[PDB]
Every structure is written in C-alpha cells, then in structure tokens.
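Take a look at the structure below.
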DNA sequence: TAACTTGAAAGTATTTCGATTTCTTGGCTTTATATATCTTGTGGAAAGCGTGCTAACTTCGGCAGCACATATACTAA
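Numbering (PDB author numbering), first residue to last: 104 to 110, 119 to 206.
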C-alpha cells in the first residue's frame with residue numbers, strides 16, 4: 104500500500128467506462144467554456160469549506176473538546192426564489 | 001474606454017396528463033277502470049312511591065288504656 108506503485120498523464124490508452132463521459136465533458140467544455148471560470152457557486156462552496164480548515168481559537172479555553180456534536184441545519188425563510196429549480200431557497204448552518 | 005460573445009439563470013409558455021364534470025342510457029313514479037284472490041297488514045273490545053312540615057294558636061274532648069280500688073264470692077281454719 105504505497106504511492107510509488109500508483110499511476119499529469121493523460122487518462123487514456125486503457126479500457127474504461129467513465130473515461131468516455133470524461134472525454135465528452137472535456138469536449139463540451141472546449142466547445143463553450145473558456146478557461147477555468149463561471150464556477151461562482153463552486154468557488155463559494157470551496158471558500159466556505161476552507162474557512163473552517165485548521166483554524167485555532169484566540170483563547171486556549173475556547174478549544175472544542177473531542178466528540179462534540181455538529182449538526183447541519185438548512186433553513187427556508189424566503190419566498191423570493193425558484194420554486195421551479197428543485198428548491199434552493201436559503202442558507203444552511205452548522206451548530 | 002466601450003462592444004460582442006460568453007453562462008446559468010427566469011417565466012413563460014405550451015403540451016400533455018390526472019380528474020372531475022358533462023353527457024348518454026334505463027325505469028319508475030304517476031293518471032285513470034275494472035278484471036280477481038292469499039295470508040297477513042290492521043280495527044276494535046275486552047279484562048286479567050313516597051316526601052316534608054307541622055304555621056300556630058283554642059280548647060276540645062274521646063276514648064285508649066290502664067289501671068287503682070274495692071266490694072264481693074270463694075276458701076282455709
């Protein structure tokens with residue numbers, strides 16, 4: 104179980128299944144998507160997840176003890192949104 | 001310092017789909033007339049608990065019972 108014996120290189124020249132979908136997506140990207148952008152919500156999620164990576168408290172007494180319950184709670188307050196798009200109305204919190 | 005080609009982002013529109021409505025069927029109701037018959041739909045006349053308070057005076061006012069006393073007939077000496 105090492106990395107020196109593990110496959119950067121173009122993922123091709125092997126009998127695969129998902130690689131066909133991957134190449135189709137690459138072609139669809141080269142068609143209209145330009146460089147690496149238009150991923151607004153994607154970068155939002157990325158940064159909002161990185162904001163909580165390895166941040167230490169200002170005081171030593173504010174260290175979260177091991178095993179503390181973290182609960183994810185979505186909230187739907189507003190009516191002003193897409194009732195059509197599967198429903199994505201409002202923010203989600205952690206407590 | 002704009003101009004056009006980008007992207008997922010709305011309404012917005014139309015197309016079909018669940019469902020309830022609307023449209024068809026019978027058939028019974030009712031109108032008279034009389035024709036006729038089974039058991040079972042009746043008409044009608046009998047007859048074999050439970051209390052409370054006194055509303056209070058007056059002056060009965062009788063009898064209930066009771067009941068006390070005793071005069072008398074029976075019995076022991």
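Virtual Cβ for every residue (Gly too), placed ideally from N, Cα, C.
What does the alpha-carbon distance come out to for the pair residue i and residue j?
i, j, result
"residue 178", "residue 123", "44 Å"
"residue 204", "residue 159", "11 Å"
"residue 187", "residue 202", "8 Å"
"residue 104", "residue 132", "29 Å"
"residue 139", "residue 196", "23 Å"
"residue 171", "residue 165", "15 Å"
Report the partner residues of residue i according to the DSSP bridge assignment.
i, result
"residue 184", "204"
What are the uninterrupted segments assigned as beta strand (DSSP E) that are 3 or more residues long and contained completely in the stretch 119-173, given in chain order? Within the stretch 119-173, no complete beta strand (DSSP E) run reaches 3 residues.
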